[PDB]
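Have a look at the structure below, then the notes.
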Amino acid sequence: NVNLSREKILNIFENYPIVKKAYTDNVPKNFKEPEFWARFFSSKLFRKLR
Amino acid sequence: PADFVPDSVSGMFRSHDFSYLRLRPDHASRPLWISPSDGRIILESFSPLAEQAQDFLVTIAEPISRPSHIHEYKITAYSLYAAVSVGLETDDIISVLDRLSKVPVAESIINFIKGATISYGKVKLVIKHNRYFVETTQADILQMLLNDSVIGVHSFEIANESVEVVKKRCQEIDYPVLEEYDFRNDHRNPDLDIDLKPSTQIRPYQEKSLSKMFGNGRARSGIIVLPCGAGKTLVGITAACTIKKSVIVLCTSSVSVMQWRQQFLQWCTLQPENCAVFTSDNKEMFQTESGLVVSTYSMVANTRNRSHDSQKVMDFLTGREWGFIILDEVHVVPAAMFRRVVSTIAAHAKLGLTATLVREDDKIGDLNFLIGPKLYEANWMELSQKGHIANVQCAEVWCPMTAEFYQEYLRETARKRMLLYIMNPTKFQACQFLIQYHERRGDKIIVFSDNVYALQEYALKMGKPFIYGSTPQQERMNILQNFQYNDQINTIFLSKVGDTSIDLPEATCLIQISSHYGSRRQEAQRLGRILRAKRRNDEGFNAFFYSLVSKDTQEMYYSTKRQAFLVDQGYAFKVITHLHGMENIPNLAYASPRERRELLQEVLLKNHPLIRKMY
Amino acid sequence: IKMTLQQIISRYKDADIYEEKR
Amino acid sequence: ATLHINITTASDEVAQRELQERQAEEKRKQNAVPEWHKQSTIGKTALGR
Amino acid sequence: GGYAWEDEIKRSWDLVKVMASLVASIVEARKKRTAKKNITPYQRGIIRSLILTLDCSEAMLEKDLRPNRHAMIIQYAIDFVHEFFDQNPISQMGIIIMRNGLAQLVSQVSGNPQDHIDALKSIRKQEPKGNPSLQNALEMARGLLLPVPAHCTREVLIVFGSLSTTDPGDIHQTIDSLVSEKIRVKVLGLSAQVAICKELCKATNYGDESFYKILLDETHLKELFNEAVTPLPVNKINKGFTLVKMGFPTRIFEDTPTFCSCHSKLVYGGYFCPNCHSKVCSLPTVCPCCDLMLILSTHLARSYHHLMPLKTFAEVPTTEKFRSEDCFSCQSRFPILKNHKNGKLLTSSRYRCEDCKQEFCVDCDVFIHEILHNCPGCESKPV
Ligand SMILES: [Zn+2]
Ligand SMILES: [Zn+2]
Ligand SMILES: [Zn+2]
Ligand SMILES: [Zn+2]
């Protein structure tokens, strides 16, 4: 398990605009936000950005 | 005396008034007081130049007791032998003692240092071709000894079994025997490539003990005492790696033999084909020119008709000149024919490793004749305050004996009195309350009681597993695994099986329901099972020792006799005559008078081929 | 199939829990 | 194996810190010295039923 | 190829090898007196608005200062608040803490030290954590010092403990804004000399690099905290010499409780405002009804000793003929002070004053300069 603070989400968006860009076109459109972050932490994009 | 008139208050000092020693003007800097009557040294630790004196005193003197403020040391002959063995000349010791003492050093103490330090290293026991020799660099020292002539540059061979008699006799004379192994210059014995693994770290007190052993560049035979969990096994491995010769290790249990083999294979670069085990199941020897054998005292010292293969292995051990012997749990060496293992094995260096250097008889002092002088006394409170061992809170719960049990206790024999004071119901209630309280605290509790019937009765009353001698070994292993891992199993009852060297899970609480008379060795052995807990790194962690004893009985006498050794180590046994919450506990063992009466009655009632079809 | 299905049903269980809590 | 997340709007995180403080208090209570060890029990009544 | 145990024993007792000690003490005493020779009546801003920035980040969790950094910084800040409002009564003060990347305001800029003491006591219980932000703290200090009048000096005291800081934006723009607003920042560092703090202290104090203070131990921390209660010497380029309109209220006496004009609570005593006749609770405070500074004569009286200081007392020569055998304002007899056998009257404990030529002992030397601020010999002189 990982704790995701709101300011952690804001700093993820600010430091990485790619995550906010993927957030804007998916979360209100296809799947909800916790599903989005569950998909993102299992993705190669997270490993590349880390 | 120094032309000093005695004071009016000198009456109650039985020739111990040392006021004639004129105090030095700069006394407040000096930390020492020297008693001319017995050589006792009084060291104050709070003063400046204390540790710079404390190392000097622990090199030259035996510490009788080491409390927080004032430390007490004894100048004895063996401590002086150890002091001169590491290169301290007599004049240096006298001058440093004179500089560090407030009162001037009396001429009695100076003459004692002169007498004990001189005539050292005259007689030496050397081993040549598995055959003992006593050697002296001076010719007439051989001729002056004529009382115990067991004769078989100037030297004469003595018998193998008479080495202890020769050492005792030469200690009675003013020529003590020098037992030191110069393994650097010993090329007859084949060496070993054994060395410590680089990943193994050695704590500074272990380094200090080994520096006591290897101070002069030669292995000195002696005894190193360390608490349980302080790493006496690691000290044994490290000494074996230092000597780099053939090593024989004697243990008290077969599980200890397997543990020692595992520690040799783990902590140092010893190949398994160089190691061997002499037990009942395992009897094959290493085929190399040098290596390790680990065995049991009873196996080596078996006077019974041993098997043919065991006879062959014992012949191999006796015919080989060993460079090092490790006598783990050396307190059992002074026994009847456990004494003979130092004579049946021709070993150059003899190290005794123990945690309980006490016996209830006077034979504990014979170890200096058997193994050697006490090389290193570990300060248990220094190790506890540095986190090396657990900081136990020793206590002594006083259980008031009930009226009917005490009435039956007075009019009984001692053997029945024993069981009758063990099974008092107030001790049941106190143990149950302590188990409940320390199980709520999440502590692993090991309950010790030597009486098997009492062990079973307490375990059945409290619903906790019990381990003793006739329990099967697989059941014992299963119960130990459940105690180590299952969170519902936090209390296991143990008999005298747990006192001896067997493998146990880590425990942080201990309750001693009963005991074996005034065995100080058993009392300190039980304390060692909670001294090595994993939670030592946690700040504020304390382990707990409880000695539940019945009031106004011989159990007070035996408990005080047992705790004498632990308070000699420095532990403070705080009595507990009241437990807060005894009446508020839900279920009390034998609260009703009828239940106590039933328990009383139960305790009282405890005490030609064809003719072969015939057979 | 079991790792893919376990991941997607874990995601859906987390989504259901977080919609229930909100 | 599986990954789980804790999405918060930074409002319940103070409550989570308070719960961690409560866990720390429980840890303090676990290592608490018993009352018969921190003070003498001589003046109190004798133990029994 | 050997081992550690096979080496020779350490012999630590042998390593210990064993009057002109008064001279060795008095040379250090004279060197300490040498650093105090530069006594001048520098103009100092008496009316101050000191913002106390306290670090409350993860660096306070270090226990290198007993028992932890945060607890004793809070205690030393409490003592500093007491000493600051004792020696600078007119001056106002605000307290800001840095925690979790956000500057936090814990007490408004007020002339009442009790509110700041209560705020510090409230902060003492919480555990410090987070990553400090010098820019957020400096921006909030800039916002708090914005309504400060031009006559009142704007100062910021930072008890900074971390070695690195994270800023939401550029910190040099904040430094330039602080310089433009005439705000002097003094930073008390804890671990080492941070370059941004040194640059900030150098820029905000007109090229002075002596306002970045780093402690050494407990006593140095206490000395550095006690160094900040003195008003800073202002620059010659500052031309904000303005008259300050203020009133001296009369202490009203009444057994009947009345509503105060500052907190709207029943108060027995008080001070009626000399301009608008509205009672106040404590002094010195601005008037809640007419915005006038209400102080006492004692509040002004505390600060002349900064305006003119006492010249430091001169150690008398040993060969000089002493005027008196005992102290002047103390009449303690000066001893022989034979430091060695032929020392005779070496380093005689008399301390001549530069004006009255009167001799004083060491206790009078450290009392007349510290607790008193006036020479009894200079006042006994019949000019
Ligand atoms: Zn008010
Ligand atoms: Zn007014
Ligand atoms: Zn004076
Ligand atoms: Zn003067």
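Naming works like this for the structure tokens: A, B, ... for the chains as they're shown, residue 1 at the start of each chain, ligands 1 onward in shown order.
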
- Please write out the residues within 9 Å of ligand 4 as an NGL selection string, counting only C-alpha atoms and all ligand atoms. :E and (310-311 or 313 or 352-359 or 374-381)

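Any residue of chain E with an atom within 12 Å of chain A counts; using only C-alpha atoms, that gives residues 100, 101, 102 and 168 of chain E.
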
For segment 6-15 of chain C, work out the shell of residues within 8 Å, counting only C-alpha atoms and skipping chain neighbours fewer than 4 positions away, then give it as a PDB file with N, CA, C and O atoms, in the first residue's frame.
```pdb
ATOM      1  N   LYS A  32     -12.215   5.908 -13.187  1.00  0.00           N
ATOM      2  CA  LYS A  32     -12.132   6.827 -12.065  1.00  0.00           C
ATOM      3  C   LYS A  32     -10.683   7.017 -11.614  1.00  0.00           C
ATOM      4  O   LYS A  32      -9.772   6.288 -12.015  1.00  0.00           O
ATOM      5  N   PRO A  34      -8.928   6.667  -8.578  1.00  0.00           N
ATOM      6  CA  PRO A  34      -8.127   5.599  -7.946  1.00  0.00           C
ATOM      7  C   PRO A  34      -7.716   4.495  -8.904  1.00  0.00           C
ATOM      8  O   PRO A  34      -6.593   3.979  -8.805  1.00  0.00           O
ATOM      9  N   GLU A  35      -8.587   4.144  -9.853  1.00  0.00           N
ATOM     10  CA  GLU A  35      -8.205   3.198 -10.894  1.00  0.00           C
ATOM     11  C   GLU A  35      -7.096   3.769 -11.767  1.00  0.00           C
ATOM     12  O   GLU A  35      -6.191   3.040 -12.188  1.00  0.00           O
ATOM     13  N   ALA A  38      -3.879   3.480  -9.787  1.00  0.00           N
ATOM     14  CA  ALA A  38      -3.502   2.072  -9.735  1.00  0.00           C
ATOM     15  C   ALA A  38      -2.900   1.614 -11.058  1.00  0.00           C
ATOM     16  O   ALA A  38      -1.947   0.827 -11.075  1.00  0.00           O
ATOM     17  N   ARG A  39      -3.450   2.091 -12.176  1.00  0.00           N
ATOM     18  CA  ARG A  39      -2.862   1.786 -13.476  1.00  0.00           C
ATOM     19  C   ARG A  39      -1.518   2.479 -13.650  1.00  0.00           C
ATOM     20  O   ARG A  39      -0.601   1.922 -14.263  1.00  0.00           O
TER      21      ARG A  39
ATOM     22  N   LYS C   2      -4.235 -15.142 -14.860  1.00  0.00           N
ATOM     23  CA  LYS C   2      -4.545 -14.888 -13.460  1.00  0.00           C
ATOM     24  C   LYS C   2      -3.879 -13.619 -12.949  1.00  0.00           C
ATOM     25  O   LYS C   2      -4.502 -12.900 -12.166  1.00  0.00           O
ATOM     26  N   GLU C  19     -15.560   4.484  -4.088  1.00  0.00           N
ATOM     27  CA  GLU C  19     -16.866   5.071  -4.363  1.00  0.00           C
ATOM     28  C   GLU C  19     -17.840   4.851  -3.214  1.00  0.00           C
ATOM     29  O   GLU C  19     -18.718   5.690  -2.984  1.00  0.00           O
TER      30      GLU C  19
ATOM     31  N   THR D   2       0.074  -7.356  -5.704  1.00  0.00           N
ATOM     32  CA  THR D   2      -0.896  -6.332  -6.061  1.00  0.00           C
ATOM     33  C   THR D   2      -0.508  -4.981  -5.470  1.00  0.00           C
ATOM     34  O   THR D   2       0.159  -4.895  -4.436  1.00  0.00           O
ATOM     35  N   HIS D   4      -1.922  -1.288  -4.077  1.00  0.00           N
ATOM     36  CA  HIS D   4      -3.060  -0.562  -3.536  1.00  0.00           C
ATOM     37  C   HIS D   4      -2.618   0.838  -3.140  1.00  0.00           C
ATOM     38  O   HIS D   4      -1.466   1.060  -2.758  1.00  0.00           O
TER      39      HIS D   4
END
```

- Message: Which residues are near ligand 2 in this structure, taking near to mean any atom at most 12 Å from a ligand atom and counting only C-alpha atoms and all ligand atoms? Format them as a PyMOL selection string.
- Response: chain E and resi 245-249+260-262+271-280+285-295

- Out of segment 4-46 of chain D, which residues get alpha helix (DSSP H) from DSSP, as a ChimeraX atom specification? /D:13-30,35-38

- Identify, with DSSP run on backbone atoms, the residues in segment 36-241 of chain B assigned to strand (DSSP E), and express the list as a ChimeraX atom specification. /B:40-44,62-65,70-74,123-128,131-136,154-157,177-178,180-181,219-220,222-225

- List all protein, DNA and RNA residues that have any atom at most 10 Å from ligand 3, counting only C-alpha atoms and all ligand atoms, and write the list as a list in words.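 Those within range of ligand 3 are residues 326, 327, 328, 329, 330, 331, 332, 333, 334, 349, 350, 351, 359, 360, 361, 362, 363, 364, 365, 366, 367 and 368 of chain E.
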
Output N, CA, C and O atoms for every residue in the selection just made, as a tab-separated table (two decimals), in the first residue's frame.
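Written output follows (again_33.tsv):
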```tsv
chain	number	residue	atom	x	y	z
E	326	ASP	N	40.72	49.26	49.06
E	326	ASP	CA	39.46	48.57	48.89
E	326	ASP	C	38.71	49.16	47.70
E	326	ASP	O	39.08	50.20	47.15
E	327	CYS	N	37.64	48.48	47.31
E	327	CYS	CA	36.82	48.88	46.18
E	327	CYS	C	36.09	50.19	46.49
E	327	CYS	O	36.00	50.62	47.65
E	328	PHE	N	35.58	50.84	45.45
E	328	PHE	CA	34.96	52.14	45.65
E	328	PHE	C	33.48	52.02	45.98
E	328	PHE	O	33.04	52.41	47.06
E	329	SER	N	32.70	51.47	45.05
E	329	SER	CA	31.27	51.28	45.25
E	329	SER	C	30.96	49.96	45.92
E	329	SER	O	29.78	49.63	46.10
E	330	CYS	N	31.98	49.20	46.29
E	330	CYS	CA	31.85	47.85	46.80
E	330	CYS	C	32.62	47.61	48.08
E	330	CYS	O	32.23	46.74	48.86
E	331	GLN	N	33.68	48.39	48.34
E	331	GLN	CA	34.64	48.30	49.44
E	331	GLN	C	35.06	46.88	49.80
E	331	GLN	O	35.23	46.54	50.98
E	332	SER	N	35.27	46.04	48.79
E	332	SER	CA	35.95	44.78	48.97
E	332	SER	C	37.45	45.02	48.83
E	332	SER	O	37.89	45.67	47.87
E	333	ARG	N	38.22	44.53	49.79
E	333	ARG	CA	39.66	44.78	49.80
E	333	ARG	C	40.34	44.04	48.66
E	333	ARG	O	40.09	42.85	48.44
E	334	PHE	N	41.19	44.75	47.93
E	334	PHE	CA	41.96	44.13	46.86
E	334	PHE	C	43.07	43.29	47.47
E	334	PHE	O	43.89	43.83	48.23
E	349	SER	N	43.48	43.65	40.80
E	349	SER	CA	42.08	43.51	40.41
E	349	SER	C	41.33	44.84	40.36
E	349	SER	O	40.10	44.82	40.21
E	350	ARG	N	42.01	45.97	40.50
E	350	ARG	CA	41.36	47.26	40.39
E	350	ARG	C	41.07	47.58	38.93
E	350	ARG	O	41.86	47.27	38.04
E	351	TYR	N	39.93	48.22	38.69
E	351	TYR	CA	39.49	48.60	37.35
E	351	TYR	C	39.20	50.10	37.35
E	351	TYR	O	38.11	50.53	37.74
E	359	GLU	N	38.65	53.08	41.33
E	359	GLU	CA	39.01	51.68	41.18
E	359	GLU	C	37.87	50.78	41.64
E	359	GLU	O	37.23	51.04	42.66
E	360	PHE	N	37.62	49.72	40.88
E	360	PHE	CA	36.54	48.80	41.15
E	360	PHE	C	37.04	47.36	41.05
E	360	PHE	O	38.02	47.07	40.36
E	361	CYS	N	36.35	46.46	41.74
E	361	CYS	CA	36.71	45.06	41.75
E	361	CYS	C	36.13	44.36	40.52
E	361	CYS	O	35.52	44.98	39.65
E	362	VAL	N	36.33	43.04	40.44
E	362	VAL	CA	35.83	42.28	39.30
E	362	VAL	C	34.31	42.18	39.33
E	362	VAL	O	33.65	42.25	38.29
E	363	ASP	N	33.72	42.02	40.52
E	363	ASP	CA	32.27	41.94	40.63
E	363	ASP	C	31.62	43.26	40.27
E	363	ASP	O	30.60	43.29	39.57
E	364	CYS	N	32.21	44.37	40.72
E	364	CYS	CA	31.70	45.67	40.31
E	364	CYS	C	31.95	45.93	38.83
E	364	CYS	O	31.13	46.59	38.18
E	365	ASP	N	33.04	45.41	38.28
E	365	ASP	CA	33.29	45.56	36.85
E	365	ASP	C	32.24	44.84	36.02
E	365	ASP	O	31.78	45.35	35.00
E	366	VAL	N	31.83	43.64	36.45
E	366	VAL	CA	30.83	42.88	35.71
E	366	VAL	C	29.40	43.23	36.11
E	366	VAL	O	28.46	42.73	35.48
E	367	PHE	N	29.21	44.04	37.15
E	367	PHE	CA	27.88	44.47	37.56
E	367	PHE	C	27.52	45.85	37.03
E	367	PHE	O	26.41	46.06	36.54
E	368	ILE	N	28.45	46.81	37.14
E	368	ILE	CA	28.22	48.17	36.67
E	368	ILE	C	28.07	48.21	35.15
E	368	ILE	O	27.36	49.07	34.61
```

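Residues from chain D that have an atom within 7 Å of chain B, counting only C-alpha atoms, are residues 30, 31, 36, 41, 42, 44, 45, 46, 47, 48 and 49 of chain D.
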
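If you look at atom CA of residue 444 of chain B and atom CA of residue 423 of chain B, they are 23.5 Å away from each other.
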
- Task: Compile the contact shell of segment 13-28 of chain D as a PyMOL selection string: residues with an atom at most 10 Å away, counting only C-alpha atoms, same-chain residues fewer than 2 positions apart removed.
- Result: (chain A and resi 3-6) or (chain B and resi 441+540) or (chain D and resi 6-11+30-33)

Next, dump the selected residues to file, keeping only N, CA and C atoms, as a compact mmCIF listing (two decimals), in the first residue's frame.
```
# COMPACT_ATOMS: atom_id res chain seq x y z
N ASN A 3 0.46 5.67 0.50
CA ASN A 3 -0.39 6.78 0.90
C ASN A 3 -0.20 7.93 -0.09
N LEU A 4 -1.29 8.38 -0.70
CA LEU A 4 -1.25 9.44 -1.70
C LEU A 4 -1.93 10.67 -1.11
N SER A 5 -1.12 11.63 -0.66
CA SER A 5 -1.65 12.89 -0.18
C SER A 5 -2.13 13.73 -1.36
N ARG A 6 -3.01 14.69 -1.07
CA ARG A 6 -3.49 15.60 -2.11
C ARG A 6 -2.36 16.47 -2.63
N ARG B 441 1.27 -7.55 27.70
CA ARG B 441 2.36 -6.72 27.23
C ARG B 441 3.05 -7.27 25.99
N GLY B 540 14.33 1.76 26.01
CA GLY B 540 13.41 1.51 27.10
C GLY B 540 12.99 0.06 27.27
N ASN D 6 -3.81 4.95 -1.51
CA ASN D 6 -4.60 5.68 -0.52
C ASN D 6 -4.79 7.11 -1.00
N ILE D 7 -5.82 7.32 -1.82
CA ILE D 7 -6.12 8.66 -2.32
C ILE D 7 -6.75 9.47 -1.20
N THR D 8 -6.15 10.61 -0.89
CA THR D 8 -6.66 11.50 0.15
C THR D 8 -6.68 12.93 -0.37
N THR D 9 -7.67 13.70 0.10
CA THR D 9 -7.78 15.12 -0.19
C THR D 9 -7.11 15.99 0.87
N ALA D 10 -6.10 15.45 1.55
CA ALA D 10 -5.31 16.11 2.59
C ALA D 10 -6.13 16.55 3.80
N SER D 11 -7.34 16.02 3.96
CA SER D 11 -8.17 16.30 5.12
C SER D 11 -8.15 15.18 6.14
N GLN D 30 3.15 -0.50 25.71
CA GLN D 30 3.70 -1.85 25.65
C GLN D 30 4.99 -1.96 26.47
N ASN D 31 5.85 -0.95 26.40
CA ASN D 31 7.12 -0.95 27.11
C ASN D 31 7.02 -0.31 28.49
N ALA D 32 5.82 -0.15 29.02
CA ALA D 32 5.64 0.50 30.32
C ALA D 32 6.18 -0.38 31.44
N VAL D 33 6.85 0.26 32.40
CA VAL D 33 7.38 -0.47 33.56
C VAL D 33 6.22 -0.88 34.46
```

- Message: I need the residue nearest chain C from this list: A:46, A:24, A:16, A:1. Use only C-alpha atoms for the distance.
- Response: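 Using only C-alpha atoms, the shortest distance to chain C belongs to A:1.
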
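With atom CA of residue 108 of chain E on one side and atom CA of residue 189 of chain E on the other, the separation reads 24.0 Å.
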
- Please identify every residue of chain E that has at least one atom no more than 10 Å from any atom of chain B, counting only C-alpha atoms, and report them as number ranges by chain. E: 2-16

Write a file of the just-selected residues containing N, CA, C and O atoms, as a short mmCIF file (atom, residue, chain, number, x, y, z; two decimals), in the first residue's frame.
```
data_model
loop_
_atom_site.label_atom_id
_atom_site.label_comp_id
_atom_site.auth_asym_id
_atom_site.auth_seq_id
_atom_site.Cartn_x
_atom_site.Cartn_y
_atom_site.Cartn_z
N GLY E 2 50.03 -10.03 11.35
CA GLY E 2 49.61 -10.30 12.71
C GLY E 2 48.18 -9.87 12.97
O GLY E 2 47.47 -9.37 12.09
N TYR E 3 47.77 -10.05 14.22
CA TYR E 3 46.43 -9.72 14.68
C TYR E 3 46.51 -8.65 15.76
O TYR E 3 47.59 -8.30 16.24
N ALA E 4 45.34 -8.13 16.15
CA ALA E 4 45.30 -7.03 17.11
C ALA E 4 45.63 -7.50 18.52
O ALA E 4 46.26 -6.77 19.29
N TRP E 5 45.20 -8.71 18.88
CA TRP E 5 45.41 -9.23 20.22
C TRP E 5 46.87 -9.56 20.48
O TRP E 5 47.37 -9.35 21.59
N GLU E 6 47.58 -10.05 19.45
CA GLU E 6 48.98 -10.40 19.60
C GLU E 6 49.89 -9.18 19.75
O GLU E 6 51.06 -9.35 20.10
N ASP E 7 49.38 -7.98 19.50
CA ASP E 7 50.17 -6.77 19.71
C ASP E 7 50.35 -6.51 21.20
O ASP E 7 49.67 -7.08 22.06
N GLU E 8 51.30 -5.62 21.50
CA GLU E 8 51.63 -5.30 22.88
C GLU E 8 50.47 -4.55 23.53
O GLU E 8 49.69 -3.87 22.86
N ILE E 9 50.35 -4.71 24.86
CA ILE E 9 49.26 -4.09 25.61
C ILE E 9 49.38 -2.57 25.55
O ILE E 9 50.47 -2.01 25.39
N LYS E 10 48.23 -1.90 25.65
CA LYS E 10 48.15 -0.46 25.40
C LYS E 10 48.95 0.34 26.41
O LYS E 10 49.62 1.32 26.04
N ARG E 11 48.90 -0.05 27.69
CA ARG E 11 49.52 0.66 28.81
C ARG E 11 49.03 2.11 28.87
O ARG E 11 49.79 3.07 28.75
N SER E 12 47.71 2.25 29.06
CA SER E 12 47.10 3.58 29.08
C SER E 12 47.47 4.36 30.33
O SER E 12 47.54 5.59 30.29
N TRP E 13 47.72 3.66 31.45
CA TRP E 13 48.15 4.34 32.67
C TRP E 13 49.55 4.93 32.52
O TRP E 13 49.85 5.95 33.14
N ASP E 14 50.40 4.30 31.71
CA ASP E 14 51.74 4.83 31.49
C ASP E 14 51.71 6.09 30.65
O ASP E 14 52.60 6.94 30.77
N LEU E 15 50.69 6.25 29.80
CA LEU E 15 50.60 7.41 28.92
C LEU E 15 50.28 8.69 29.68
O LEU E 15 50.50 9.78 29.14
N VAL E 16 49.76 8.59 30.90
CA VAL E 16 49.45 9.76 31.71
C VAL E 16 50.74 10.23 32.37
O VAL E 16 51.27 9.56 33.26
#
```

- Message: Only residues of chain E matter here; which ones have an atom within 12 Å of chain D, counting only C-alpha atoms? Give them as a VMD selection string.
- Response: chain E and resid 126 to 127 129

Dump of N, CA and C atoms for the selected residues, as a PDB file, in the first residue's frame:
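Full text of out-v5.pdb as output:
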```pdb
ATOM      1  N   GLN E 126       4.048  19.903  19.928  1.00  0.00           N
ATOM      2  CA  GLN E 126       3.992  19.199  18.654  1.00  0.00           C
ATOM      3  C   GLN E 126       5.383  18.771  18.202  1.00  0.00           C
ATOM      4  N   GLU E 127       5.425  17.691  17.421  1.00  0.00           N
ATOM      5  CA  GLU E 127       6.691  17.189  16.900  1.00  0.00           C
ATOM      6  C   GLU E 127       7.053  17.919  15.615  1.00  0.00           C
ATOM      7  N   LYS E 129       8.566  18.388  11.959  1.00  0.00           N
ATOM      8  CA  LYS E 129       8.818  17.533  10.808  1.00  0.00           C
ATOM      9  C   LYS E 129       8.745  18.388   9.555  1.00  0.00           C
TER      10      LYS E 129
END
```

- Query: In Å, how far is it from atom CA of residue 252 of chain B to atom CA of residue 374 of chain B?
  - Reply: 20.5 Å
